[PDB]
$ cat query_17.pdb   # PDB, C-alpha atoms
ATOM      1  CA  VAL A   3    -129.907  85.333  70.611  1.00  0.00           C
ATOM      2  CA  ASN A   4    -130.878  86.205  67.052  1.00  0.00           C
ATOM      3  CA  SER A   5    -133.806  85.504  64.745  1.00  0.00           C
ATOM      4  CA  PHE A   6    -132.152  83.116  62.298  1.00  0.00           C
ATOM      5  CA  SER A   7    -134.403  80.036  62.260  1.00  0.00           C
ATOM      6  CA  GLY A   8    -134.084  76.449  61.082  1.00  0.00           C
ATOM      7  CA  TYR A   9    -130.308  76.353  60.661  1.00  0.00           C
ATOM      8  CA  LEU A  10    -128.202  73.264  61.272  1.00  0.00           C
ATOM      9  CA  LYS A  11    -125.268  74.063  63.579  1.00  0.00           C
ATOM     10  CA  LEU A  12    -121.974  72.927  62.019  1.00  0.00           C
ATOM     11  CA  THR A  13    -119.504  74.438  64.492  1.00  0.00           C
ATOM     12  CA  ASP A  14    -119.383  76.950  67.323  1.00  0.00           C
ATOM     13  CA  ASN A  15    -119.866  79.807  64.819  1.00  0.00           C
ATOM     14  CA  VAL A  16    -121.047  78.362  61.468  1.00  0.00           C
ATOM     15  CA  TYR A  17    -124.685  77.521  60.687  1.00  0.00           C
ATOM     16  CA  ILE A  18    -126.248  76.254  57.437  1.00  0.00           C
ATOM     17  CA  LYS A  19    -129.697  76.039  55.825  1.00  0.00           C
ATOM     18  CA  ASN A  20    -131.190  75.194  52.409  1.00  0.00           C
ATOM     19  CA  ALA A  21    -132.636  78.570  51.554  1.00  0.00           C
ATOM     20  CA  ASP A  22    -133.056  81.258  48.944  1.00  0.00           C
ATOM     21  CA  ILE A  23    -130.826  84.024  50.302  1.00  0.00           C
ATOM     22  CA  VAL A  24    -133.185  86.713  48.940  1.00  0.00           C
ATOM     23  CA  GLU A  25    -136.166  85.354  50.871  1.00  0.00           C
ATOM     24  CA  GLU A  26    -134.072  84.792  53.962  1.00  0.00           C
ATOM     25  CA  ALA A  27    -132.753  88.372  53.885  1.00  0.00           C
ATOM     26  CA  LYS A  28    -136.250  89.782  53.384  1.00  0.00           C
ATOM     27  CA  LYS A  29    -137.517  87.846  56.423  1.00  0.00           C
ATOM     28  CA  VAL A  30    -134.602  88.423  58.835  1.00  0.00           C
ATOM     29  CA  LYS A  31    -133.378  91.882  57.725  1.00  0.00           C
ATOM     30  CA  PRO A  32    -129.889  90.993  58.963  1.00  0.00           C
ATOM     31  CA  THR A  33    -127.302  93.613  59.766  1.00  0.00           C
ATOM     32  CA  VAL A  34    -125.159  92.157  56.943  1.00  0.00           C
ATOM     33  CA  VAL A  35    -126.000  90.144  53.843  1.00  0.00           C
ATOM     34  CA  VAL A  36    -123.034  88.972  51.769  1.00  0.00           C
ATOM     35  CA  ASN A  37    -123.138  89.233  47.982  1.00  0.00           C
ATOM     36  CA  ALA A  38    -121.174  86.898  45.704  1.00  0.00           C
ATOM     37  CA  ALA A  39    -119.728  89.863  43.816  1.00  0.00           C
ATOM     38  CA  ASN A  40    -117.287  90.281  40.951  1.00  0.00           C
ATOM     39  CA  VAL A  41    -114.611  92.976  40.744  1.00  0.00           C
ATOM     40  CA  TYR A  42    -116.790  95.243  38.570  1.00  0.00           C
ATOM     41  CA  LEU A  43    -119.857  94.886  40.825  1.00  0.00           C
ATOM     42  CA  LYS A  44    -121.835  93.834  37.730  1.00  0.00           C
ATOM     43  CA  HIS A  45    -124.675  91.908  39.376  1.00  0.00           C
ATOM     44  CA  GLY A  46    -125.798  89.859  36.393  1.00  0.00           C
ATOM     45  CA  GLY A  47    -126.506  86.366  37.645  1.00  0.00           C
ATOM     46  CA  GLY A  48    -126.159  83.879  40.448  1.00  0.00           C
ATOM     47  CA  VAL A  49    -126.573  85.294  43.944  1.00  0.00           C
ATOM     48  CA  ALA A  50    -125.650  88.804  42.770  1.00  0.00           C
ATOM     49  CA  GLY A  51    -128.241  88.896  40.003  1.00  0.00           C
ATOM     50  CA  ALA A  52    -130.894  87.646  42.432  1.00  0.00           C
ATOM     51  CA  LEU A  53    -130.038  90.116  45.225  1.00  0.00           C
ATOM     52  CA  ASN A  54    -129.908  93.009  42.766  1.00  0.00           C
ATOM     53  CA  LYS A  55    -133.253  92.075  41.178  1.00  0.00           C
ATOM     54  CA  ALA A  56    -134.810  91.993  44.654  1.00  0.00           C
ATOM     55  CA  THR A  57    -133.634  95.616  45.163  1.00  0.00           C
ATOM     56  CA  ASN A  58    -135.333  96.713  41.922  1.00  0.00           C
ATOM     57  CA  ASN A  59    -131.833  97.456  40.502  1.00  0.00           C
ATOM     58  CA  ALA A  60    -130.974  99.932  43.291  1.00  0.00           C
ATOM     59  CA  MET A  61    -127.977  97.759  44.211  1.00  0.00           C
ATOM     60  CA  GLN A  62    -126.644  98.054  40.643  1.00  0.00           C
ATOM     61  CA  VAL A  63    -127.153 101.848  40.510  1.00  0.00           C
ATOM     62  CA  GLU A  64    -125.260 102.265  43.796  1.00  0.00           C
ATOM     63  CA  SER A  65    -122.549  99.869  42.631  1.00  0.00           C
ATOM     64  CA  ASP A  66    -121.996 101.717  39.347  1.00  0.00           C
ATOM     65  CA  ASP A  67    -121.323 104.930  41.289  1.00  0.00           C
ATOM     66  CA  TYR A  68    -118.980 103.029  43.651  1.00  0.00           C
ATOM     67  CA  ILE A  69    -116.934 101.731  40.695  1.00  0.00           C
ATOM     68  CA  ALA A  70    -116.868 105.086  38.922  1.00  0.00           C
ATOM     69  CA  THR A  71    -115.380 106.637  42.082  1.00  0.00           C
ATOM     70  CA  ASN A  72    -113.116 103.843  43.347  1.00  0.00           C
ATOM     71  CA  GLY A  73    -112.415 101.464  40.478  1.00  0.00           C
ATOM     72  CA  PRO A  74    -112.678  97.662  40.569  1.00  0.00           C
ATOM     73  CA  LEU A  75    -112.326  95.548  43.664  1.00  0.00           C
ATOM     74  CA  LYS A  76    -109.549  92.972  44.025  1.00  0.00           C
ATOM     75  CA  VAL A  77    -110.228  89.234  43.783  1.00  0.00           C
ATOM     76  CA  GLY A  78    -110.383  88.265  47.462  1.00  0.00           C
ATOM     77  CA  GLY A  79    -111.509  91.777  48.381  1.00  0.00           C
ATOM     78  CA  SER A  80    -114.736  93.412  49.458  1.00  0.00           C
ATOM     79  CA  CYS A  81    -116.640  96.616  50.013  1.00  0.00           C
ATOM     80  CA  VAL A  82    -119.559  97.546  52.270  1.00  0.00           C
ATOM     81  CA  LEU A  83    -122.547  99.165  50.545  1.00  0.00           C
ATOM     82  CA  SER A  84    -126.220  99.571  51.422  1.00  0.00           C
ATOM     83  CA  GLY A  85    -128.365  96.522  52.052  1.00  0.00           C
ATOM     84  CA  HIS A  86    -131.349  98.326  50.503  1.00  0.00           C
ATOM     85  CA  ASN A  87    -134.582  96.439  51.300  1.00  0.00           C
ATOM     86  CA  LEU A  88    -132.681  93.254  52.236  1.00  0.00           C
ATOM     87  CA  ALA A  89    -130.375  94.167  55.141  1.00  0.00           C
ATOM     88  CA  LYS A  90    -128.728  97.131  56.809  1.00  0.00           C
ATOM     89  CA  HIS A  91    -125.538  96.541  54.829  1.00  0.00           C
ATOM     90  CA  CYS A  92    -124.420  94.425  51.910  1.00  0.00           C
ATOM     91  CA  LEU A  93    -120.857  93.116  52.103  1.00  0.00           C
ATOM     92  CA  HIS A  94    -119.855  92.585  48.460  1.00  0.00           C
ATOM     93  CA  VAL A  95    -117.145  89.889  48.523  1.00  0.00           C
ATOM     94  CA  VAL A  96    -115.199  88.727  45.455  1.00  0.00           C
ATOM     95  CA  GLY A  97    -114.298  85.054  45.569  1.00  0.00           C
ATOM     96  CA  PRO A  98    -112.114  83.643  42.779  1.00  0.00           C
ATOM     97  CA  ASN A  99    -113.964  82.583  39.638  1.00  0.00           C
ATOM     98  CA  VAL A 100    -112.602  79.265  38.455  1.00  0.00           C
ATOM     99  CA  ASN A 101    -114.199  79.947  35.056  1.00  0.00           C
ATOM    100  CA  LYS A 102    -111.769  82.906  34.773  1.00  0.00           C
ATOM    101  CA  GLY A 103    -108.748  80.843  35.923  1.00  0.00           C
ATOM    102  CA  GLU A 104    -108.476  82.619  39.271  1.00  0.00           C
ATOM    103  CA  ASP A 105    -106.418  81.028  42.038  1.00  0.00           C
ATOM    104  CA  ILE A 106    -108.548  79.137  44.526  1.00  0.00           C
ATOM    105  CA  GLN A 107    -106.223  80.086  47.412  1.00  0.00           C
ATOM    106  CA  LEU A 108    -107.799  83.524  47.145  1.00  0.00           C
ATOM    107  CA  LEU A 109    -110.922  81.920  48.581  1.00  0.00           C
ATOM    108  CA  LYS A 110    -109.385  82.102  52.071  1.00  0.00           C
ATOM    109  CA  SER A 111    -108.632  85.820  51.611  1.00  0.00           C
ATOM    110  CA  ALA A 112    -112.232  86.325  50.453  1.00  0.00           C
ATOM    111  CA  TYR A 113    -113.654  84.657  53.588  1.00  0.00           C
ATOM    112  CA  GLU A 114    -111.370  86.725  55.853  1.00  0.00           C
ATOM    113  CA  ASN A 115    -113.565  89.739  55.015  1.00  0.00           C
ATOM    114  CA  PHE A 116    -116.356  88.100  57.030  1.00  0.00           C
ATOM    115  CA  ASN A 117    -114.313  88.499  60.240  1.00  0.00           C
ATOM    116  CA  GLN A 118    -114.937  92.269  60.131  1.00  0.00           C
ATOM    117  CA  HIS A 119    -118.626  91.641  60.950  1.00  0.00           C
ATOM    118  CA  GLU A 120    -119.981  89.956  64.071  1.00  0.00           C
ATOM    119  CA  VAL A 121    -122.983  88.302  62.330  1.00  0.00           C
ATOM    120  CA  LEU A 122    -123.564  87.635  58.604  1.00  0.00           C
ATOM    121  CA  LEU A 123    -126.048  85.974  56.278  1.00  0.00           C
ATOM    122  CA  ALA A 124    -123.985  84.621  53.376  1.00  0.00           C
ATOM    123  CA  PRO A 125    -123.742  82.267  50.402  1.00  0.00           C
ATOM    124  CA  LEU A 126    -120.846  79.868  49.898  1.00  0.00           C
ATOM    125  CA  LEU A 127    -118.195  81.965  48.176  1.00  0.00           C
ATOM    126  CA  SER A 128    -116.957  80.861  44.747  1.00  0.00           C
ATOM    127  CA  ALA A 129    -119.730  78.222  44.501  1.00  0.00           C
ATOM    128  CA  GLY A 130    -122.454  78.172  41.882  1.00  0.00           C
ATOM    129  CA  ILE A 131    -121.504  79.969  38.677  1.00  0.00           C
ATOM    130  CA  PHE A 132    -118.071  80.868  40.131  1.00  0.00           C
ATOM    131  CA  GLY A 133    -117.075  77.250  39.506  1.00  0.00           C
ATOM    132  CA  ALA A 134    -115.487  76.103  42.771  1.00  0.00           C
ATOM    133  CA  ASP A 135    -116.380  72.953  44.671  1.00  0.00           C
ATOM    134  CA  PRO A 136    -118.973  73.959  47.315  1.00  0.00           C
ATOM    135  CA  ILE A 137    -117.685  71.274  49.723  1.00  0.00           C
ATOM    136  CA  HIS A 138    -114.275  72.982  49.570  1.00  0.00           C
ATOM    137  CA  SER A 139    -115.845  76.405  50.002  1.00  0.00           C
ATOM    138  CA  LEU A 140    -117.625  75.234  53.163  1.00  0.00           C
ATOM    139  CA  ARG A 141    -114.362  73.821  54.537  1.00  0.00           C
ATOM    140  CA  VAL A 142    -112.523  77.104  53.907  1.00  0.00           C
ATOM    141  CA  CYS A 143    -115.414  79.021  55.493  1.00  0.00           C
ATOM    142  CA  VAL A 144    -115.332  76.925  58.682  1.00  0.00           C
ATOM    143  CA  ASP A 145    -111.527  77.150  58.880  1.00  0.00           C
ATOM    144  CA  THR A 146    -111.361  80.922  58.215  1.00  0.00           C
ATOM    145  CA  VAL A 147    -114.453  82.684  59.558  1.00  0.00           C
ATOM    146  CA  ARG A 148    -114.490  83.199  63.330  1.00  0.00           C
ATOM    147  CA  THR A 149    -117.561  85.459  63.517  1.00  0.00           C
ATOM    148  CA  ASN A 150    -121.084  84.070  63.353  1.00  0.00           C
ATOM    149  CA  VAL A 151    -122.054  83.098  59.830  1.00  0.00           C
ATOM    150  CA  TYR A 152    -125.438  81.824  58.646  1.00  0.00           C
ATOM    151  CA  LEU A 153    -124.993  80.113  55.267  1.00  0.00           C
ATOM    152  CA  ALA A 154    -127.865  79.910  52.783  1.00  0.00           C
ATOM    153  CA  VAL A 155    -127.457  77.092  50.237  1.00  0.00           C
ATOM    154  CA  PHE A 156    -129.632  77.540  47.170  1.00  0.00           C
ATOM    155  CA  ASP A 157    -129.645  73.946  45.924  1.00  0.00           C
ATOM    156  CA  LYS A 158    -131.349  71.307  48.129  1.00  0.00           C
ATOM    157  CA  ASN A 159    -129.391  68.335  46.774  1.00  0.00           C
ATOM    158  CA  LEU A 160    -126.148  70.223  47.410  1.00  0.00           C
ATOM    159  CA  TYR A 161    -127.305  71.252  50.893  1.00  0.00           C
ATOM    160  CA  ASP A 162    -127.868  67.605  51.804  1.00  0.00           C
ATOM    161  CA  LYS A 163    -124.447  66.649  50.393  1.00  0.00           C
ATOM    162  CA  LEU A 164    -122.726  69.487  52.296  1.00  0.00           C
ATOM    163  CA  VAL A 165    -124.292  68.296  55.553  1.00  0.00           C
ATOM    164  CA  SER A 166    -123.691  64.583  54.927  1.00  0.00           C
ATOM    165  CA  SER A 167    -119.998  65.102  54.016  1.00  0.00           C
ATOM    166  CA  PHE A 168    -119.125  67.615  56.737  1.00  0.00           C
ATOM    167  CA  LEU A 169    -116.220  66.665  58.948  1.00  0.00           C
TER     168      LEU A 169
END
$ encode --input "query_17.pdb" --output "structure tokens"
Amino acid sequence: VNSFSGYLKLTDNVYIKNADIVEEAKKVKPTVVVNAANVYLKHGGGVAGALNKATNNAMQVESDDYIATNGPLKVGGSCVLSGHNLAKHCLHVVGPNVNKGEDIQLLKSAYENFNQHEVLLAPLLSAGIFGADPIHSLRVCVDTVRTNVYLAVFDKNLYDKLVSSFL
């Protein structure tokens, strides 16, 4: 049992809700919140900009030190950093950005990072400003992630479409 509330159950391990991931993280304080990161960990907009703003920029300060030490992530890759006031940990995952021409097959590699954590609160990778089809992202999530994932969908109209088209 866990404290995630109001989710629709899609499969044995995937759950979904129309929710602002910042507010959901603040309420639940999950072990892991996933960020929709880029390779430079520059948290400017979308989910990343919102999560970082909620940390009062502490996420960005930590991330800048990470990059100075380690260099950029890979597309499809991830790193674990602090969850600050949102979670124990933040799993920064880089899905491909269609608006940069990045190969959508890397979306499966990106979701594989979730399997290193038993329970996650997450957005749909590569959706939103990353330009991929959210229906496709949900399909890849369900077909790749085997651990328990609680998906927060920002847009209500999209949430209803994701539910109503789910196979």
$ axis_aligned_box --input "query_17.pdb" --around "range 155-169 of chain A" --padding-each-side "3 Å" --output "JSON"
{"center_x": -123.8, "center_y": 71.1, "center_z": 52.4, "size_x": 21.1, "size_y": 19.0, "size_z": 19.0}
$ atom_distance --input "query_17.pdb" --atom1 "CA of residue 25 in chain A" --atom2 "CA of residue 88 in chain A"
8.7 Å
$ atom_distance --input "query_17.pdb" --atom1 "CA of residue 103 in chain A" --atom2 "CA of residue 141 in chain A"
20.7 Å
$ atom_distance --input "query_17.pdb" --atom1 "CA of residue 52 in chain A" --atom2 "CA of residue 3 in chain A"
28.3 Å
$ residues_near_point --input "query_17.pdb" --point "(-125.1, 76.7, 37.3)" --cutoff "8 Å" --atoms "only C-alpha atoms" --output "list in words"
residues 48, 130 and 131 of chain A
$ decode --input "query_17.pdb" --residues "range 105-134 of chain A" --atoms "N, CA and C atoms" --output "PDB file, in the first residue's frame"
ATOM      1  N   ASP A 105      16.006  10.897 -32.118  1.00  0.00           N
ATOM      2  CA  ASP A 105      15.323   9.681 -32.529  1.00  0.00           C
ATOM      3  C   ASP A 105      14.364   9.193 -31.453  1.00  0.00           C
ATOM      4  N   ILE A 106      13.115   8.961 -31.853  1.00  0.00           N
ATOM      5  CA  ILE A 106      12.079   8.622 -30.899  1.00  0.00           C
ATOM      6  C   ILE A 106      12.298   7.254 -30.287  1.00  0.00           C
ATOM      7  N   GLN A 107      13.054   6.364 -30.942  1.00  0.00           N
ATOM      8  CA  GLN A 107      13.374   5.062 -30.367  1.00  0.00           C
ATOM      9  C   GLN A 107      14.081   5.210 -29.029  1.00  0.00           C
ATOM     10  N   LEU A 108      14.801   6.355 -28.849  1.00  0.00           N
ATOM     11  CA  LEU A 108      15.458   6.566 -27.580  1.00  0.00           C
ATOM     12  C   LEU A 108      14.467   6.721 -26.447  1.00  0.00           C
ATOM     13  N   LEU A 109      13.176   6.873 -26.758  1.00  0.00           N
ATOM     14  CA  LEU A 109      12.188   6.960 -25.698  1.00  0.00           C
ATOM     15  C   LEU A 109      12.142   5.674 -24.875  1.00  0.00           C
ATOM     16  N   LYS A 110      12.298   4.508 -25.526  1.00  0.00           N
ATOM     17  CA  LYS A 110      12.302   3.261 -24.766  1.00  0.00           C
ATOM     18  C   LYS A 110      13.491   3.225 -23.803  1.00  0.00           C
ATOM     19  N   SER A 111      14.683   3.586 -24.293  1.00  0.00           N
ATOM     20  CA  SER A 111      15.862   3.645 -23.430  1.00  0.00           C
ATOM     21  C   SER A 111      15.620   4.578 -22.240  1.00  0.00           C
ATOM     22  N   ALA A 112      14.987   5.734 -22.500  1.00  0.00           N
ATOM     23  CA  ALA A 112      14.698   6.676 -21.427  1.00  0.00           C
ATOM     24  C   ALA A 112      13.812   6.033 -20.354  1.00  0.00           C
ATOM     25  N   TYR A 113      12.730   5.351 -20.770  1.00  0.00           N
ATOM     26  CA  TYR A 113      11.849   4.717 -19.793  1.00  0.00           C
ATOM     27  C   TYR A 113      12.528   3.574 -19.039  1.00  0.00           C
ATOM     28  N   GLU A 114      13.520   2.902 -19.645  1.00  0.00           N
ATOM     29  CA  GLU A 114      14.191   1.817 -18.938  1.00  0.00           C
ATOM     30  C   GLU A 114      14.817   2.302 -17.634  1.00  0.00           C
ATOM     31  N   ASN A 115      15.190   3.588 -17.540  1.00  0.00           N
ATOM     32  CA  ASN A 115      15.742   4.087 -16.284  1.00  0.00           C
ATOM     33  C   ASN A 115      14.768   3.904 -15.124  1.00  0.00           C
ATOM     34  N   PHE A 116      13.456   3.937 -15.405  1.00  0.00           N
ATOM     35  CA  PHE A 116      12.477   3.817 -14.334  1.00  0.00           C
ATOM     36  C   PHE A 116      12.572   2.464 -13.624  1.00  0.00           C
ATOM     37  N   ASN A 117      13.060   1.426 -14.331  1.00  0.00           N
ATOM     38  CA  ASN A 117      13.097   0.087 -13.755  1.00  0.00           C
ATOM     39  C   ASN A 117      14.110  -0.052 -12.627  1.00  0.00           C
ATOM     40  N   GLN A 118      14.970   0.951 -12.431  1.00  0.00           N
ATOM     41  CA  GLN A 118      15.907   0.965 -11.317  1.00  0.00           C
ATOM     42  C   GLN A 118      15.288   1.461 -10.015  1.00  0.00           C
ATOM     43  N   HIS A 119      13.985   1.752 -10.011  1.00  0.00           N
ATOM     44  CA  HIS A 119      13.296   2.297  -8.850  1.00  0.00           C
ATOM     45  C   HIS A 119      11.968   1.577  -8.694  1.00  0.00           C
ATOM     46  N   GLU A 120      11.665   1.133  -7.472  1.00  0.00           N
ATOM     47  CA  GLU A 120      10.470   0.308  -7.276  1.00  0.00           C
ATOM     48  C   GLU A 120       9.170   1.087  -7.464  1.00  0.00           C
ATOM     49  N   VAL A 121       9.165   2.379  -7.125  1.00  0.00           N
ATOM     50  CA  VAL A 121       7.974   3.229  -7.163  1.00  0.00           C
ATOM     51  C   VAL A 121       8.409   4.616  -7.630  1.00  0.00           C
ATOM     52  N   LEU A 122       7.701   5.186  -8.616  1.00  0.00           N
ATOM     53  CA  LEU A 122       8.009   6.529  -9.107  1.00  0.00           C
ATOM     54  C   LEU A 122       6.735   7.327  -9.331  1.00  0.00           C
ATOM     55  N   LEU A 123       6.849   8.642  -9.104  1.00  0.00           N
ATOM     56  CA  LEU A 123       5.913   9.638  -9.638  1.00  0.00           C
ATOM     57  C   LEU A 123       6.573  10.264 -10.867  1.00  0.00           C
ATOM     58  N   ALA A 124       5.876  10.304 -12.007  1.00  0.00           N
ATOM     59  CA  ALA A 124       6.549  10.696 -13.241  1.00  0.00           C
ATOM     60  C   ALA A 124       5.603  11.407 -14.193  1.00  0.00           C
ATOM     61  N   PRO A 125       6.158  12.237 -15.085  1.00  0.00           N
ATOM     62  CA  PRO A 125       5.439  12.721 -16.260  1.00  0.00           C
ATOM     63  C   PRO A 125       5.635  11.739 -17.418  1.00  0.00           C
ATOM     64  N   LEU A 126       4.842  11.936 -18.480  1.00  0.00           N
ATOM     65  CA  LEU A 126       5.075  11.226 -19.728  1.00  0.00           C
ATOM     66  C   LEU A 126       6.317  11.787 -20.419  1.00  0.00           C
ATOM     67  N   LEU A 127       7.325  10.944 -20.583  1.00  0.00           N
ATOM     68  CA  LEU A 127       8.575  11.388 -21.180  1.00  0.00           C
ATOM     69  C   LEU A 127       8.378  11.775 -22.638  1.00  0.00           C
ATOM     70  N   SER A 128       9.095  12.826 -23.036  1.00  0.00           N
ATOM     71  CA  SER A 128       9.116  13.371 -24.388  1.00  0.00           C
ATOM     72  C   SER A 128       7.799  14.045 -24.793  1.00  0.00           C
ATOM     73  N   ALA A 129       6.811  14.119 -23.896  1.00  0.00           N
ATOM     74  CA  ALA A 129       5.573  14.826 -24.187  1.00  0.00           C
ATOM     75  C   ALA A 129       5.750  16.322 -23.923  1.00  0.00           C
ATOM     76  N   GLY A 130       4.652  17.069 -24.038  1.00  0.00           N
ATOM     77  CA  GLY A 130       4.750  18.496 -23.822  1.00  0.00           C
ATOM     78  C   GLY A 130       5.719  19.136 -24.794  1.00  0.00           C
ATOM     79  N   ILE A 131       6.562  20.039 -24.272  1.00  0.00           N
ATOM     80  CA  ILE A 131       7.479  20.795 -25.116  1.00  0.00           C
ATOM     81  C   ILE A 131       8.572  19.948 -25.756  1.00  0.00           C
ATOM     82  N   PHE A 132       8.701  18.657 -25.395  1.00  0.00           N
ATOM     83  CA  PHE A 132       9.642  17.777 -26.078  1.00  0.00           C
ATOM     84  C   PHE A 132       9.082  17.230 -27.391  1.00  0.00           C
ATOM     85  N   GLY A 133       7.806  17.478 -27.702  1.00  0.00           N
ATOM     86  CA  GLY A 133       7.324  17.309 -29.056  1.00  0.00           C
ATOM     87  C   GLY A 133       6.812  15.946 -29.473  1.00  0.00           C
ATOM     88  N   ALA A 134       6.909  14.924 -28.630  1.00  0.00           N
ATOM     89  CA  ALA A 134       6.423  13.609 -29.012  1.00  0.00           C
ATOM     90  C   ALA A 134       4.923  13.505 -28.763  1.00  0.00           C
TER      91      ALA A 134
END
